[PDB]
$ cat data-v7.cif   # mmCIF, C-alpha atoms and all ligand atoms
data_structure
#
loop_
_atom_site.label_atom_id
_atom_site.label_comp_id
_atom_site.auth_asym_id
_atom_site.auth_seq_id
_atom_site.Cartn_x
_atom_site.Cartn_y
_atom_site.Cartn_z
CA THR A 9 -15.94 -19.27 54.20
CA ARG A 10 -19.40 -17.73 54.95
CA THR A 11 -22.16 -20.19 55.86
CA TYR A 12 -25.92 -19.85 55.62
CA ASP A 13 -29.16 -21.40 56.91
CA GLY A 14 -31.61 -22.93 54.39
CA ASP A 15 -33.46 -19.55 54.28
CA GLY A 16 -30.27 -17.63 53.25
CA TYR A 17 -29.52 -16.05 56.69
CA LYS A 18 -25.77 -15.86 57.45
CA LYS A 19 -24.83 -18.19 60.37
CA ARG A 20 -23.05 -16.40 63.23
CA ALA A 21 -22.06 -17.13 66.82
CA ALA A 22 -21.35 -14.70 69.68
CA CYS A 23 -20.63 -14.83 73.43
CA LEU A 24 -21.71 -12.69 76.35
CA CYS A 25 -18.25 -12.60 77.92
CA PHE A 26 -18.81 -12.04 81.65
CA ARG A 27 -16.12 -11.02 84.14
CA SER A 28 -17.44 -13.65 86.66
CA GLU A 29 -20.20 -16.24 87.35
CA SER A 30 -22.23 -13.27 88.83
CA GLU A 31 -22.74 -12.07 85.18
CA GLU A 32 -22.73 -8.37 86.34
CA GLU A 33 -20.06 -7.09 83.87
CA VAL A 34 -19.77 -7.98 80.16
CA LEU A 35 -16.98 -7.39 77.60
CA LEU A 36 -17.88 -5.36 74.50
CA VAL A 37 -15.54 -4.59 71.57
CA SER A 38 -15.33 -1.66 69.17
CA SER A 39 -16.72 -1.89 65.59
CA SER A 40 -13.95 -2.11 62.91
CA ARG A 41 -16.08 0.16 60.60
CA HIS A 42 -16.98 2.73 63.37
CA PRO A 43 -14.47 2.56 66.27
CA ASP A 44 -16.68 4.88 68.44
CA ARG A 45 -19.40 2.11 68.49
CA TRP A 46 -19.54 -0.93 70.85
CA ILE A 47 -20.75 -4.41 69.81
CA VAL A 48 -20.97 -7.91 71.29
CA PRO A 49 -18.03 -9.93 69.91
CA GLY A 50 -18.93 -12.67 67.43
CA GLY A 51 -18.76 -13.60 63.78
CA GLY A 52 -19.36 -16.16 61.07
CA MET A 53 -19.49 -19.95 61.60
CA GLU A 54 -17.16 -21.98 59.33
CA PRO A 55 -18.38 -25.03 57.35
CA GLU A 56 -19.42 -27.93 59.72
CA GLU A 57 -18.23 -25.80 62.70
CA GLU A 58 -20.37 -26.37 65.86
CA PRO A 59 -21.88 -23.03 67.01
CA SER A 60 -20.25 -23.32 70.54
CA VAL A 61 -16.83 -23.83 68.83
CA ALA A 62 -17.41 -20.83 66.51
CA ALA A 63 -18.50 -18.62 69.44
CA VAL A 64 -15.27 -19.42 71.46
CA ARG A 65 -13.08 -18.94 68.37
CA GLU A 66 -14.73 -15.61 67.47
CA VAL A 67 -14.35 -14.12 71.01
CA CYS A 68 -10.64 -15.22 71.00
CA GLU A 69 -10.09 -13.48 67.60
CA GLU A 70 -12.18 -10.33 68.29
CA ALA A 71 -11.85 -9.81 72.10
CA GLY A 72 -8.67 -11.70 73.13
CA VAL A 73 -10.40 -13.65 75.91
CA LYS A 74 -10.86 -17.33 76.75
CA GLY A 75 -12.93 -18.89 79.49
CA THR A 76 -15.55 -21.43 80.52
CA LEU A 77 -18.37 -21.86 77.98
CA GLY A 78 -21.79 -21.75 79.61
CA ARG A 79 -25.37 -22.05 78.39
CA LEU A 80 -26.84 -21.22 74.99
CA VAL A 81 -28.93 -18.01 75.63
CA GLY A 82 -30.79 -18.27 72.34
CA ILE A 83 -30.73 -17.92 68.56
CA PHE A 84 -31.32 -14.31 67.45
CA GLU A 85 -32.20 -12.97 63.96
CA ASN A 86 -31.10 -9.56 62.69
CA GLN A 87 -33.78 -9.27 59.90
CA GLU A 88 -32.17 -6.09 58.39
CA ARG A 89 -28.75 -7.83 57.87
CA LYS A 90 -30.16 -11.40 57.34
CA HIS A 91 -28.05 -12.77 60.23
CA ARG A 92 -28.96 -15.64 62.58
CA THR A 93 -26.69 -15.69 65.64
CA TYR A 94 -26.22 -18.38 68.32
CA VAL A 95 -25.45 -16.51 71.60
CA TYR A 96 -23.63 -18.27 74.48
CA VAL A 97 -22.56 -17.25 78.00
CA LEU A 98 -18.75 -17.35 78.50
CA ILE A 99 -17.18 -16.78 81.91
CA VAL A 100 -13.81 -15.11 81.16
CA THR A 101 -10.81 -16.80 82.80
CA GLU A 102 -7.98 -15.54 80.48
CA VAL A 103 -7.46 -11.95 79.27
CA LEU A 104 -4.77 -12.04 76.55
CA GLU A 105 -2.78 -8.89 75.71
CA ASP A 106 -1.95 -9.03 71.93
CA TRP A 107 -4.92 -10.68 70.22
CA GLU A 108 -5.69 -11.08 66.48
CA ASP A 109 -7.99 -8.02 66.02
CA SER A 110 -5.91 -5.74 68.35
CA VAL A 111 -2.77 -6.46 66.22
CA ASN A 112 -4.60 -6.45 62.83
CA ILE A 113 -7.24 -3.60 63.11
CA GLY A 114 -6.70 -2.03 66.62
CA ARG A 115 -10.05 -3.31 67.89
CA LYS A 116 -10.69 -2.09 71.51
CA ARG A 117 -12.42 -3.92 74.43
CA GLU A 118 -14.10 -2.61 77.60
CA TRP A 119 -16.07 -4.03 80.58
CA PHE A 120 -19.66 -2.76 80.99
CA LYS A 121 -22.25 -3.18 83.75
CA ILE A 122 -25.14 -5.09 82.07
CA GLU A 123 -27.44 -1.97 82.29
CA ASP A 124 -24.76 0.13 80.49
CA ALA A 125 -24.09 -2.57 77.84
CA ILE A 126 -27.84 -2.54 77.00
CA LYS A 127 -27.74 1.31 76.84
CA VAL A 128 -24.74 1.55 74.42
CA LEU A 129 -26.05 -1.30 72.15
CA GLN A 130 -29.69 0.01 71.85
CA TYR A 131 -29.25 2.53 69.00
CA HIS A 132 -27.24 0.58 66.34
CA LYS A 133 -27.64 -3.00 67.69
CA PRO A 134 -31.10 -3.38 69.35
CA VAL A 135 -30.97 -7.18 68.66
CA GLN A 136 -27.66 -7.39 70.56
CA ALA A 137 -29.20 -5.31 73.42
CA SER A 138 -31.97 -8.02 73.47
CA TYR A 139 -29.33 -10.74 74.13
CA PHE A 140 -29.34 -9.44 77.77
CA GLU A 141 -33.19 -9.52 78.18
CA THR A 142 -32.88 -13.20 79.43
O1 LIG B 201 -17.38 -6.63 61.69
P1 LIG B 201 -17.24 -5.22 62.22
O2 LIG B 201 -17.10 -4.20 61.12
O3 LIG B 201 -16.18 -5.07 63.24
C1 LIG B 201 -18.76 -4.79 63.09
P2 LIG B 201 -20.33 -4.81 62.17
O4 LIG B 201 -20.54 -6.09 61.41
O5 LIG B 201 -21.40 -4.48 63.15
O6 LIG B 201 -20.12 -3.62 61.13
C2 LIG B 201 -21.20 -3.21 60.25
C3 LIG B 201 -21.55 -1.76 60.54
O7 LIG B 201 -22.15 -1.72 61.86
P3 LIG B 201 -21.52 -1.00 63.13
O8 LIG B 201 -20.25 -0.23 62.74
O9 LIG B 201 -22.63 -0.10 63.69
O10 LIG B 201 -21.17 -2.14 64.12
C4 LIG B 201 -22.60 -1.25 59.58
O11 LIG B 201 -22.79 0.16 59.86
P4 LIG B 201 -24.15 0.93 59.52
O12 LIG B 201 -23.87 1.65 58.21
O13 LIG B 201 -24.37 1.88 60.68
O14 LIG B 201 -25.26 -0.10 59.40
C5 LIG B 201 -22.18 -1.44 58.14
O15 LIG B 201 -20.98 -0.63 57.92
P5 LIG B 201 -20.88 0.54 56.81
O16 LIG B 201 -21.69 1.73 57.27
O17 LIG B 201 -19.39 0.85 56.76
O18 LIG B 201 -21.38 -0.03 55.49
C6 LIG B 201 -21.85 -2.89 57.88
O19 LIG B 201 -21.38 -3.03 56.51
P6 LIG B 201 -22.15 -3.95 55.46
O20 LIG B 201 -22.83 -3.02 54.48
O21 LIG B 201 -23.15 -4.81 56.23
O22 LIG B 201 -21.05 -4.77 54.81
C7 LIG B 201 -20.75 -3.38 58.82
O23 LIG B 201 -20.52 -4.80 58.58
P7 LIG B 201 -19.08 -5.41 58.22
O24 LIG B 201 -19.05 -5.56 56.71
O25 LIG B 201 -17.99 -4.48 58.72
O26 LIG B 201 -19.09 -6.74 58.96
#
$ encode --input "data-v7.cif" --output "structure tokens"
Amino acid sequence: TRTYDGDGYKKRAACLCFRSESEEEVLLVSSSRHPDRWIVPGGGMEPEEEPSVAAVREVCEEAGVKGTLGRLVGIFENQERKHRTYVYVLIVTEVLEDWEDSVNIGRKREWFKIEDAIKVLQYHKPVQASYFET
């Protein structure tokens, strides 16, 4: 079930899934609509679902990783799509091999240096590139 803020923006949660506490490498996933495009994993919050819980669930489903939830980075609007996304740091401790979106839609995942993640997100997802601005 899709959920919305009082202003009609769709509620979403995402994680910056880092390889380590050094936060030098981040996990991106392929778009289901355009498999040649990289995105930050995330998705819709369920009714009464805490944003930190939604963020962890969505990175499990989309990226097949689990780890240690860290700080809220911020709340980011995509005006064009009317999305409002809570973005958390996650330090990856488990990389699972046969995850929901691999099985179901062949979603891919790849580690990026932060500078390269910003580069590949800039064109289609400038708001996601801004998640890394700190
Ligand atoms: O959830 P996904 O697919 O794995 C990743 P996304 O949300 O970034 O994909 C969006 C895609 O974004 P992208 O593939 O760049 O991640 C964008 O692509 P755009 O046309 O370049 O804006 C649109 O796709 P289409 O071109 O197929 O309509 C969006 O369609 P909407 O009209 O908003 O429904 C897609 O939204 P979707 O419905 O798939 O969630």
$ closest_atom_pairs --input "data-v7.cif" --of "chain A" --to "ligand LIG 201 (chain B)" --cutoff "12 Å" --atoms "only C-alpha atoms and all ligand atoms" --output "JSON lines"
{"residue": "A:10", "atom": "CA", "partner": "B:LIG201", "partner_atom": "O26", "distance": 11.7}
{"residue": "A:18", "atom": "CA", "partner": "B:LIG201", "partner_atom": "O26", "distance": 11.4}
{"residue": "A:20", "atom": "CA", "partner": "B:LIG201", "partner_atom": "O4", "distance": 10.8}
{"residue": "A:22", "atom": "CA", "partner": "B:LIG201", "partner_atom": "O4", "distance": 12.0}
{"residue": "A:36", "atom": "CA", "partner": "B:LIG201", "partner_atom": "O10", "distance": 11.4}
{"residue": "A:37", "atom": "CA", "partner": "B:LIG201", "partner_atom": "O3", "distance": 8.4}
{"residue": "A:38", "atom": "CA", "partner": "B:LIG201", "partner_atom": "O3", "distance": 6.9}
{"residue": "A:39", "atom": "CA", "partner": "B:LIG201", "partner_atom": "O3", "distance": 4.0}
{"residue": "A:40", "atom": "CA", "partner": "B:LIG201", "partner_atom": "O3", "distance": 3.7}
{"residue": "A:41", "atom": "CA", "partner": "B:LIG201", "partner_atom": "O2", "distance": 4.5}
{"residue": "A:42", "atom": "CA", "partner": "B:LIG201", "partner_atom": "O8", "distance": 4.5}
{"residue": "A:43", "atom": "CA", "partner": "B:LIG201", "partner_atom": "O8", "distance": 7.3}
{"residue": "A:44", "atom": "CA", "partner": "B:LIG201", "partner_atom": "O8", "distance": 8.4}
{"residue": "A:45", "atom": "CA", "partner": "B:LIG201", "partner_atom": "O9", "distance": 6.2}
{"residue": "A:46", "atom": "CA", "partner": "B:LIG201", "partner_atom": "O10", "distance": 7.0}
{"residue": "A:47", "atom": "CA", "partner": "B:LIG201", "partner_atom": "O10", "distance": 6.1}
{"residue": "A:48", "atom": "CA", "partner": "B:LIG201", "partner_atom": "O5", "distance": 8.8}
{"residue": "A:49", "atom": "CA", "partner": "B:LIG201", "partner_atom": "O3", "distance": 8.5}
{"residue": "A:50", "atom": "CA", "partner": "B:LIG201", "partner_atom": "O1", "distance": 8.5}
{"residue": "A:51", "atom": "CA", "partner": "B:LIG201", "partner_atom": "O1", "distance": 7.4}
{"residue": "A:52", "atom": "CA", "partner": "B:LIG201", "partner_atom": "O26", "distance": 9.7}
{"residue": "A:66", "atom": "CA", "partner": "B:LIG201", "partner_atom": "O1", "distance": 11.0}
{"residue": "A:69", "atom": "CA", "partner": "B:LIG201", "partner_atom": "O3", "distance": 11.3}
{"residue": "A:70", "atom": "CA", "partner": "B:LIG201", "partner_atom": "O3", "distance": 8.3}
{"residue": "A:71", "atom": "CA", "partner": "B:LIG201", "partner_atom": "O3", "distance": 10.9}
{"residue": "A:86", "atom": "CA", "partner": "B:LIG201", "partner_atom": "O5", "distance": 11.0}
{"residue": "A:88", "atom": "CA", "partner": "B:LIG201", "partner_atom": "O14", "distance": 9.2}
{"residue": "A:89", "atom": "CA", "partner": "B:LIG201", "partner_atom": "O21", "distance": 6.6}
{"residue": "A:90", "atom": "CA", "partner": "B:LIG201", "partner_atom": "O21", "distance": 9.7}
{"residue": "A:91", "atom": "CA", "partner": "B:LIG201", "partner_atom": "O4", "distance": 10.1}
{"residue": "A:109", "atom": "CA", "partner": "B:LIG201", "partner_atom": "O3", "distance": 9.1}
{"residue": "A:110", "atom": "CA", "partner": "B:LIG201", "partner_atom": "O3", "distance": 11.5}
{"residue": "A:112", "atom": "CA", "partner": "B:LIG201", "partner_atom": "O3", "distance": 11.7}
{"residue": "A:113", "atom": "CA", "partner": "B:LIG201", "partner_atom": "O3", "distance": 9.1}
{"residue": "A:114", "atom": "CA", "partner": "B:LIG201", "partner_atom": "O3", "distance": 10.5}
{"residue": "A:115", "atom": "CA", "partner": "B:LIG201", "partner_atom": "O3", "distance": 7.9}
{"residue": "A:116", "atom": "CA", "partner": "B:LIG201", "partner_atom": "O3", "distance": 10.4}
{"residue": "A:117", "atom": "CA", "partner": "B:LIG201", "partner_atom": "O3", "distance": 11.9}
{"residue": "A:128", "atom": "CA", "partner": "B:LIG201", "partner_atom": "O9", "distance": 11.1}
{"residue": "A:129", "atom": "CA", "partner": "B:LIG201", "partner_atom": "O9", "distance": 9.2}
{"residue": "A:130", "atom": "CA", "partner": "B:LIG201", "partner_atom": "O9", "distance": 10.8}
{"residue": "A:131", "atom": "CA", "partner": "B:LIG201", "partner_atom": "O9", "distance": 8.9}
{"residue": "A:132", "atom": "CA", "partner": "B:LIG201", "partner_atom": "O9", "distance": 5.4}
{"residue": "A:133", "atom": "CA", "partner": "B:LIG201", "partner_atom": "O9", "distance": 7.0}
{"residue": "A:134", "atom": "CA", "partner": "B:LIG201", "partner_atom": "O9", "distance": 10.7}
{"residue": "A:135", "atom": "CA", "partner": "B:LIG201", "partner_atom": "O5", "distance": 11.4}
{"residue": "A:136", "atom": "CA", "partner": "B:LIG201", "partner_atom": "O5", "distance": 10.1}
$ atom_distance --input "data-v7.cif" --atom1 "atom CA of residue 12 of chain A" --atom2 "atom CA of residue 93 of chain A"
10.9 Å
$ closest_residue --input "data-v7.cif" --among "A:104, A:35, A:81, A:98" --to "residue 125 of chain A" --atoms "all atoms listed in the file"
A:35
$ residues_around --input "data-v7.cif" --residues "residue 101 of chain A" --least-positions-apart "4" --cutoff "9 Å" --atoms "all atoms listed in the file" --output "mmCIF file with C-alpha atoms, in the frame of the given file"
data_model
loop_
_atom_site.group_PDB
_atom_site.id
_atom_site.type_symbol
_atom_site.label_atom_id
_atom_site.label_comp_id
_atom_site.auth_asym_id
_atom_site.auth_seq_id
_atom_site.Cartn_x
_atom_site.Cartn_y
_atom_site.Cartn_z
ATOM 1 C CA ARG A 27 -16.120 -11.020 84.140
ATOM 2 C CA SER A 28 -17.440 -13.650 86.660
ATOM 3 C CA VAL A 73 -10.400 -13.650 75.910
ATOM 4 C CA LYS A 74 -10.860 -17.330 76.750
ATOM 5 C CA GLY A 75 -12.930 -18.890 79.490
ATOM 6 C CA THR A 76 -15.550 -21.430 80.520
#
$ closest_residue --input "data-v7.cif" --among "A:100, A:77, A:62, A:137" --to "residue 11 of chain A" --atoms "all atoms listed in the file"
A:62
$ atom_distance --input "data-v7.cif" --atom1 "atom CA of residue 21 of chain A" --atom2 "atom CA of residue 60 of chain A"
7.4 Å
